[PDB]
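In: My complex, part one, positions kept as in the full thing:
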Amino acid sequence: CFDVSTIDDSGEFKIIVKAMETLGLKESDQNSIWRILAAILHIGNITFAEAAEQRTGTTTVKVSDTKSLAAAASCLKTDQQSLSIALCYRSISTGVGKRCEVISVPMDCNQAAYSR
Amino acid sequence: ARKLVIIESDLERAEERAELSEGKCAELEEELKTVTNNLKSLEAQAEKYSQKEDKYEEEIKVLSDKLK
């Protein structure tokens, strides 16, 4: 669903903005907050086409349209590759120090969507 | 180096399931042609048997009348 019959946000929007500036949330603070959603909206696009890559084991999760996963890390300004390799994939070693994260654990779509 | 091995392994896995699938698919495709030919052949014989037993139906009928 997208459009609601009862609500007209086009007009209601002016009521929220009147509350934005009146209190003390300048556009500067607004944009700051939006930079979080701006990222989320860049991360949200990350969808998957059920990747049956594994010959047998368990269907992995492939992202061909990487620009969505790339833009996801662009806002965070982190390594696009390592990010996907360190989140979608779990890792642990351990030994008094604090491990070296890299080992891989691709999981099903449900758990992937769950983590997402 | 590890990433290379992971992908290199996928290549062996992709190549294996490809040659295996194509090999059986080609065998299957060739088999279908043989089965299809058998279908057409059997269907033809069934048609000849159907038209024959029908000819006997009208033959056994006219003979029954002459006998009566």
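Out: Thanks, I have it. Numbers count the residues shown, from 1 in each chain, chains lettered A, B, ... in the order given.

In: now check the helix or strand hosting residue A:67, is it near chain B?
Out: According to DSSP states H and E, residue A:67 maps onto helix A:66-76. No. Counting by C-beta under 8 Å from any C-beta of the partner chain, chain B is not contacted by helix A:66-76; separation bottoms out at 15.6 Å. Where you see a C-beta, it was placed from the backbone N, CA and C, and this is true even at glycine.

In: Can you give me the buried ones in that helix?
Out: By neighbour count with 16 or more other C-beta atoms under 10 Å in any protein chain shown, helix A:66-76 contains the buried residues A:69-73.

In: so what secondary structure elements neighbour that helix?
Out: Helix A:66-76 is packed against helix A:27-44, helix A:80-86, with contacts defined by 3 or more C-beta pairs under 8 Å, 6 or more residues apart in numbering or on different chains; DSSP states H and E.

In: circling back: from the buried residues of helix A:66-76, pick the one nearest residue A:30.
Out: Nearest to residue A:30, judged by C-beta to C-beta, of the buried residues of helix A:66-76 is residue A:71 at 21.1 Å.

In: Sequence for chain C below, add it please:
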Amino acid sequence: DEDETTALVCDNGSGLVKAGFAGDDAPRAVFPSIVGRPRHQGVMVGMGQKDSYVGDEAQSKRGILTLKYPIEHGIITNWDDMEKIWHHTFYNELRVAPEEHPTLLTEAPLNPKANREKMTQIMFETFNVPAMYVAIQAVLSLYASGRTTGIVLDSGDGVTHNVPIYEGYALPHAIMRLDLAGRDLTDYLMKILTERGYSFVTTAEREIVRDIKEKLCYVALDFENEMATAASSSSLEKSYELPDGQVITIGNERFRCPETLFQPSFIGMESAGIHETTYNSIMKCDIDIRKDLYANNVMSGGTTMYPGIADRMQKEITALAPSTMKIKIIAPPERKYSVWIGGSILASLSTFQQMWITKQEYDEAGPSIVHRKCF
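Out: Chain C added:
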């Protein structure tokens, strides 16, 4: 964290111990299982030697340690040492008392009945444990996916287990116990290296073999074709300058030892390759049970991380076995902690009360209380 007793999570083997805090997902402290003496005389006064050295302390400085192995498949040469091994785990790192929280352990299938009671005696009598339990390795790796119909093969350093646990457990024999895992691999390499002259004698450098192994060594896809490849010096000669100071070009030595896995004939036994034992556990069960077993085969244990361990299975299983269903083996990527993932669950289950043992329950039915009621 604070409220509710909050139980710990542990998983002791015959080579590596896995234990962390409480309510965790993965082990926080994995110290090696080693305890030797100073055959030498410690400086004798530069501490009253004793401590055979253990934990990161011993592993850091093997040199002057006669690493004495206490737990060898089933028999524990000495229990006295185990007491001070557990006195380090809960306290020195976790900083929590077992006289406050429950405890969870793993059960090595087909272990002498006298052992399961000897351990519990250490807890109930001295470490005062009103609540604990000892679950079965493989079954834990199971309850952590999304189906009630899969066959599991769990192993590491102890012994190999081919447990077709999916719908239920225990019927004719199916399951198998094979003393051929981890420690066995570390012991076999040194013997074969003697052909080239290299002879890692003492038990200290014996461990170095295991350390070096898990970095480059791999399994032979087909020893026949790989032998002719030896003519070339690119895929064979591997570089590993000893941290001491002497390179060991492990070329044909990497994919030689693993061959023993598929060929137990090289270790004096009639046991066939792991792909025959697979049939041995499938042919026993019903007829209308197979088609779905091939569609799901769980392979747990960090031992199954050797390059060339999974791709071989598809070659041998599809050979001498029914071939009209979906042949599919689930080899979890990080399958070493698969038991730990399931362990954190049992410790949090409430139905667990139906299974676990309470303080008084141990005195009413005697020591056998555990494996005299459960399985």
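
In: re the thing from before, chain center to the helix holding residue A:67, what's the gap?
Out: From the chain centre to the centre of helix A:66-76 is a distance of 9 Å (C-alpha atoms, centre = their mean, to the nearest Å).

In: Repeat that for stretch C:346-365.
Out: Centroid separation for stretch C:346-365 versus its chain: 25 Å, with C-alpha atoms, centre = their mean.

In: Other residues contacting it?
Out: Defining contact as C-beta atoms under 8 Å, 6 or more residues apart in numbering or on different chains, one finds that stretch C:346-365 is touched by C:7-9, C:22-23, C:102, C:104, C:120, C:124, C:129-133, C:135, C:140, C:369-370, C:372-374.

In: so who does the residue nearest the centre of chain C touch?
Out: Note on chain C: the residue nearest the mean C-alpha position is residue C:156, at 2.8 Å, using C-alpha atoms, centre = their mean. Residue C:156 is in contact with C:13, C:15-16, C:181-182, C:301-303, C:336, counting by C-beta under 8 Å, 6+ apart.

In: which ones among the contacts of stretch C:346-365 are found in strands?
Out: Using DSSP state E, C:8-9, C:22, C:104, C:131-133, C:135 are the members of the contacts of stretch C:346-365 that sit in strands.

In: Extend the structure above with chain D:
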Amino acid sequence: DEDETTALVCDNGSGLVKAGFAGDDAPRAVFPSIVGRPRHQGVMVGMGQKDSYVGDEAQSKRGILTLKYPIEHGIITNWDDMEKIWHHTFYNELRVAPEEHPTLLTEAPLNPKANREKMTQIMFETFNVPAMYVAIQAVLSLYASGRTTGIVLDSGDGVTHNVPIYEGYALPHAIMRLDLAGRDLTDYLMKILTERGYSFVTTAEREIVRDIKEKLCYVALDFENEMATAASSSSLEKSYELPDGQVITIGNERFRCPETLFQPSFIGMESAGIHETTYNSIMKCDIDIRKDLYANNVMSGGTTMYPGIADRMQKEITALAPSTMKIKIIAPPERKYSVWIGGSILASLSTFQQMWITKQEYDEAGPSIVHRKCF
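Out: With chain D now in place:
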């Protein structure tokens, strides 16, 4: 649909249950009659096993199910299971309550008097059924054509019935009851397969026999001439690659088992072929009744779909019997649902009120109310 109580339609056998919604023409849900245990231990916690597994649920996964047969011709080893078998039909699929609509069932001729009351007790006492009835298999397959003078032979998995019901029912003996249908055929094949080595042992694969049977197997026209044909490998060797993975060339095995039908001597009995029993039901009745019986012989039951079942009848009946009338056997094409077609009728009849049983009627004349008044 909404107005008027609207009664359901059902037809339970000793192998396959036929039931659908209300006012229908054919069964909407035909689940198999199977209920076993997990001899194995369910995972025991990966559900509190119980449910012996049933419906498409059990049939889908036989493997780990010790299929226990409750209903064996007459005797029901246990009634407790039947209670939860009927609790699935009306609700899980039909989504309608029997505490609202009447009910119709089938009557297995010559069934212990105690059984017809035990069932009704489950309805009236617990499932509160103010209106229901249990009609006679064959007679239903009748009232659905266009004449009041035909002999019927209805059977499936239960027992064979040679009922010459045309103008009326019951006089001297005529009718026959023979324990030799469906389940008997599935049980005989496995015994004969042992001659070739094949031995489908457990009761799970026993069902696979029945599944494979209804796809290629056929009846021998003349075993003598077909035996000499064995020399050739075209009409004999039939292909059926086991969904597991092992072809079974059912050549002389297809037309071997059905021979038992005509030759009950192979199952330890004096009963003659089904063409003798035909005479056994004709010779008893009047003399001036035969000429029209041969002109009409109803053959109901999906069992009569085996290739080579009807053409044989004309060969044996015309042999040792009067031969100056029209020998004619009505073998309905889809004759398995012939009972279901007639069932939908009785449930809609108004004269049915003259026959059915009302709530109070069961208490006034006691439990015997049913077969103490009707027939």
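
In: what do you get for the contacts of stretch C:346-365 once chain D is counted?
Out: Identification of contacts with stretch C:346-365 by C-beta under 8 Å, 6+ apart yields C:7-9, C:22-23, C:102, C:104, C:120, C:124, C:129-133, C:135, C:140, C:369-370, C:372-374, D:45.

In: And stretch C:40-54, by the same measure?
Out: Applying C-beta under 8 Å, 6+ apart, the contact partners of stretch C:40-54 are C:31, C:34-38, C:57-58, C:61, C:64-65, C:68, C:81, C:85, C:88.

In: Equivalent analysis for stretch C:106-116, please.
Out: Counting by C-beta under 8 Å, 6+ apart, C:10-14, C:74, C:76, C:134-138, C:140, C:158-159, C:161, C:163, C:175, C:177, C:339, C:343, C:368, C:370-371 sit against stretch C:106-116.

In: Could I have the buried ones of these as ChimeraX selection syntax?
Out: Buried residues within the contacts of stretch C:106-116, by 16+ other C-beta under 10 Å, are selected in ChimeraX with:
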select /C:10,11,12,13,14,76,134,135,136,137,138,140,158,159,161,163,175,177,339,343,370
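
In: Just the ones of the contacts of stretch C:106-116 in helices?
Out: Residues of the contacts of stretch C:106-116 located in helices (DSSP state H): C:137-138, C:140, C:339, C:343, C:370-371.

In: The residue lying closest to residue A:38 once chain neighbours are set aside: what's it in contact with?
Out: Nearest non-adjacent residue to residue A:38, counting by C-beta to C-beta, 6 or more residues apart in numbering or on different chains: residue A:75, 6.4 Å away. When contacts are counted by C-beta under 8 Å, 6+ apart, residue A:75 touches A:35, A:38-39, A:42.
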